[PDB]
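Asks: Input: one structure, supplied below.
Number of protein chains: 6
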Amino acid sequence: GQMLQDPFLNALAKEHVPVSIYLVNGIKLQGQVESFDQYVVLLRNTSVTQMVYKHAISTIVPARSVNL
Amino acid sequence: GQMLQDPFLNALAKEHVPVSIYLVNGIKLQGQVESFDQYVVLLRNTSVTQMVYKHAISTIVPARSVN
Amino acid sequence: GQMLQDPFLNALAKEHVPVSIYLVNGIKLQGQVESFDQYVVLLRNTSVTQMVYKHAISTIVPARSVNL
Amino acid sequence: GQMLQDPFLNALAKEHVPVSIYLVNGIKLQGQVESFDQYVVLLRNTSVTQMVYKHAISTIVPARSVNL
Amino acid sequence: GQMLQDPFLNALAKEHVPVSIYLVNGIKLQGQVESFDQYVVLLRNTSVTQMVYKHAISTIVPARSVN
Amino acid sequence: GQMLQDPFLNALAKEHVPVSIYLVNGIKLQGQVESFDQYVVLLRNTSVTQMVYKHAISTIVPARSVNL
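Protein chains in written order, with the entry's author numbering: chain C, 5 to 72; chain A, 5 to 71; chain B, 5 to 72; chain B', 5 to 72; chain A', 5 to 71; chain C', 5 to 72. A prime marks a further copy of an entry chain.
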């Protein structure tokens, strides 16, 4: 395929779908995708927006499927 | 060889072969390859389609071999 | 989106917001972002400025959210 | 040197030499190299051909040395 | 910023500042930065100069801050 | 600096200096550098020549310093 990553992240950011972001160090982050660019995802929880490097993301698991 | 990755992923997706995706953190994901692009594989389980970064994939083990 | 990484790091560096930098090896660094470039972040604690490779950063968690 | 990787993998694939492929997660795969490209190695065991990402390979140890 | 990595490594090498180099596998290396290029740092201990791949470096912690 | 990696590996390969190659998975390989290219190092022990991906190498520690 071509260009599935961005439609997927765009859907998460616009629809505010709850996600679980699994990092290569075993940490699981939870919140909503605020925004993203070439290298990072901005993830907002109850307290803070944190900057997650895509290079450290293994998988992003939405609470429900997004349609692209 | 040249361009074996995409034929492999395409065969999995079009023939709906169940796979095991082993990640660099030891997690094993299971389901169907829905689609893929330069950097990600969309993997569907019982519940949802999740986005897996290729950079975190160690190996993809199909339930049966593809053509 | 496009070019969210640098506005985020710029805000941290100019406003000196305390951060927690989680590395791929599970180490958690704490201090303030002094400066950054394509590949590294300079993080200052009470004692020293250390040079952190972005490739080893999983997430950067500010003590409070920055506006970009 | 220049372009030793491909002659090495070509010898394994054409001569079907048994290999042990050590991954960055400590997993050890065993079988024969079926084929390879820029990013992946196709490794066949008794049951199945699996697709191994080179980025996850630490070392490939043949059962005997190949000449290139 | 732009091009802070090399000034940092150059200061360590020219001022002979002892460093701790933490690797992604948890190993901590100690000694002097001898030299560096696009991909590696040459680190000298008691005995030898070893070649460290930047891709395996998490952080470099100097014994004292550089200018 | 510029182009220190190859002079270092060339010295190891031509002078056959015993090395210890530490991998990101904690494995320590021992032997001599046979050859190398952009992406791999061919390391020979008593039994076999194995192909090591540079991306999985943390550090290469020679038994004695090489002069470049």
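Every residue gets a Cβ at the ideal spot worked out from N, C-alpha and C, and that includes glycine.
Give the interface partners of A60/C over in chain B, defined as CB-CB distance under 8 angstroms, in chain order.
Replies: Per Cβ cutoff of 8 angstroms: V28, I61, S62 and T63.
Asks: How far does the beta strand (DSSP E) with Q9/C in it reach, from first residue to last?
Replies: No beta strand (DSSP E) contains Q9/C, which is instead part of the alpha helix (DSSP H) from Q9 to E19.
Asks: Taking the alpha carbon of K18/B as the point to measure from, which residue in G5/A', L27/A' and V23/A' has its own alpha carbon closest?
Replies: For the residues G5/A', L27/A' and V23/A', the minimum Cα distance to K18/B belongs to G5/A'.
Asks: Of the choices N49/B', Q54/B' and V44/B', whose alpha-carbon is the least far from that of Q9/A?
Replies: Nearest of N49/B', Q54/B' and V44/B' to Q9/A, Cα basis: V44/B'.
Asks: State yes or no: is the C-beta of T63/C' within less than 8 angstroms of the C-beta of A67/A'?
Replies: It is not a contact, given that the beta carbons lie outside the stated cut-off.
Asks: Indicate whether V65/C' and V52/A' have their beta-carbon atoms separated by less than 8 angstroms.
Replies: Yes, these two residues count as a Cβ contact at 8 angstroms.
Asks: How big is the Cα-Cα spacing for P11/A and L33/C?
Replies: Straight-line Cα distance between these residues: approximately 33 angstroms.
Asks: Within its chain, find whatever has a CB closer than 6 angstroms to the CB of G35/A'; leave out the 5 residues flanking it on each side and keep chain order.
Replies: Cβ within range, chain order: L47, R48 and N49.
Asks: Can you list the residues of chain B that residue 4/A' reaches, using a CB-CB cut of under 9 angstroms?
Replies: Beyond the ends of chain A' as shown, which are 5 and 71, falls residue 4/A'; an answer cannot be given.
Asks: Any idea which residues DSSP pairs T53/A' with across the strands?
Replies: Beta-bridge pairing links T53/A' to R48/A'.
Asks: Closer than 8 angstroms, CB to CB, is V70/C near chain B or not?
Replies: No, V70/C lies away from the interface with chain B (no Cβ there is under 8 angstroms from its Cβ).
Asks: Using a Cβ-Cβ cut-off of 8 angstroms, state whether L33/B counts as contacting chain A'.
Replies: Answer yes: the Cβ-Cβ gap between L33/B and chain A' drops below 8 angstroms somewhere.
Asks: Identify which residue in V56/B, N14/B and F40/B has its Cα closest to the Cα of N29/B.
Replies: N29/B has its Cα closest to that of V56/B, out of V56/B, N14/B and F40/B.
Asks: Using a C-beta cutoff of 8 angstroms, does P66/A' count as contacting chain B?
Replies: For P66/A', the answer is yes, since a Cβ of chain B falls inside 8 angstroms of its Cβ.
Asks: Spatial neighbours of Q54/A within its chain, please: CB distance less than 6 angstroms, with the 5 preceding and 5 following residues excluded, ordered by chain position.
Replies: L47.
Asks: Since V52/B' meets chain A, which of its residues come closer than 9 angstroms, beta carbon to beta carbon?
Replies: Those within 9 angstroms of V52/B' in chain A are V65, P66, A67, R68 and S69.
Asks: Of the choices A15/B', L27/B', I31/B' and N71/B', whose alpha-carbon is the least far from that of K58/B'?
Replies: The option with the nearest alpha carbon to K58/B' is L27/B'.
Asks: Identify the contact partners of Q36/C' in chain A', using a Cβ-Cβ distance below 7 angstroms as the criterion.
Replies: Near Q36/C' there are no residues of chain A' at all, since even the closest Cβ is about 15 angstroms away, more than 7 angstroms.
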